[PDB]
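Included below are structure tokens for two forms of one protein chain, each presented in isolation as structure 1 and structure 2.
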Structure 1
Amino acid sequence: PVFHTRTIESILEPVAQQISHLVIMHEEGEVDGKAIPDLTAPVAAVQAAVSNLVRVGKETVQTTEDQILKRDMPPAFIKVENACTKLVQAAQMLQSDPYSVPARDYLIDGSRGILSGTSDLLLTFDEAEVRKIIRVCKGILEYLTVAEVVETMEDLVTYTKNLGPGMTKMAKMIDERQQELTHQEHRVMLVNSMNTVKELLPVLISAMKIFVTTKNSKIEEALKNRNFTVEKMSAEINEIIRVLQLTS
């Protein structure tokens, strides 16, 4: 598809179509010689909606822990505001002259700019949302680099008991993300990589129990196989992090 999520597509795609039909309509002389109705009331409704978005956007930037969001979202506010100015002008030009041909240029540019700005705000927020998932994924990656430290059965029980909630969180975040995506191969890869991580969890635990049991008396194979499981589980999480960041 064109947009990588179901939400972004549903918001932008219908307006993209309408703007496109309008460009064609002009070229075909469909609106030639016709008086345009007063657009100051609908333009006010666009102004009001744009302001509300910018407010919510500004509020999100003020309270976010994400430094990348704080940086990348504010330019979209300027873009959506400036395009709205163009639309105010185009409506004023059509008020002064309902038969204005120059006015149709700021009407299209204004409409595309608002839509382009809204697109930029959505993509920027989607990136932040993806970074919440990678945070949890990078957390499970670091938790796995601790598997070599566990040399006691008392340690193994604690390591296992505390891995469950983060693993279920990651699995939940992946299952919810997967359902939103429009590129079907991306979903396949995430579902498969998460399923692999899930089937390898019991395998990893047993592998460690072996290393702890073989640490007592008479080890290298127990070390190697546990490492293989960590290496393979970590490889799949790194693949989830890679796939999560794909937008085309």
Structure 2
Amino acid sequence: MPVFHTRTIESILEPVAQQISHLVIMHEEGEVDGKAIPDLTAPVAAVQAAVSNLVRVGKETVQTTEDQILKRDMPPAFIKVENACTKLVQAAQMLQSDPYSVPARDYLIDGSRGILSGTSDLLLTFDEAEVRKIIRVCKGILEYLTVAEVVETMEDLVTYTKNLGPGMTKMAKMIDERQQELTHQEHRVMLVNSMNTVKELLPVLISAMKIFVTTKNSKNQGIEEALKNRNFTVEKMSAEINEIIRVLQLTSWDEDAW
């Protein structure tokens, strides 16, 4: 079998791997031969009909995508399955010709088992490019967390906030979906806890900036205490987002690219 990385990859392939698992291991107990050649004229039609969709949408997803590791990885996988829609529609001519073929009804126990892997591989490719888009977003927030350091003005503050808040919303949104997709409880807890700690320091960051941006309008003011505070918050929020970023990297790390 293989390694199902998400709950949705598992959900799709799992059954048809639990299928070929029993539909394999039970064949020592004596399961006798039989067949249904006509109902194989169709199943291989839509099995070559959807192996035609995955390929199709897999072509818009290969051309419309800017990811480079995507193109250097996905189109190839169009091949893995291509032979599965071939060594099975082939098993079609080994269970039609000789309806007692011990090799034939075993070329479906491999052809299809190869139809999967082309799909298990197709999905990891795509899911891994998703994780890249998430990491890029978090790197975006890390950098913008940095300009907070250069906000001296009330309308600097208003611009900063106007811009930041929507990156936070985009990051939490993605960190939320992605976690709601992970199979290990420990990675999930990490993503969620860190994302929660950064949502909680956000308002604390902006607060201290406002006391900086306005206590800088009442001479003889306790300014430095506001900067110092500002800085700690960014140091904490940055540690956090880097924690997140790393756990995503650990989970989705490249094989045919660096």
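Numbers given to residues start at 1 and step along the sequence of structure 1. Take the two forms, find the largest set of C-alpha atoms that superpose within 1.5 Å, and that set is the rigid core.
No residue in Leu121, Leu94, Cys137, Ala147 other than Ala147 shows a CA shift of 2 angstroms or more between structure 1 and structure 2 after fitting the rigid core. Core-superposed comparison between structure 1 and structure 2: the C-alpha position of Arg55 differs by less than 2 Å. Annotation for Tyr159: C-alpha shift of 2 angstroms or more between structure 1 and structure 2, rigid core superposed. Core-superposed comparison between structure 1 and structure 2: the C-alpha position of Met189 differs by less than 2 Å. When the core is overlaid, the C-alpha of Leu12 ends up 0.8 Å from its other position between structure 1 and structure 2.
Superposing the rigid core and comparing between structure 1 and structure 2 gives a CA shift of 1.4 Å at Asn238.
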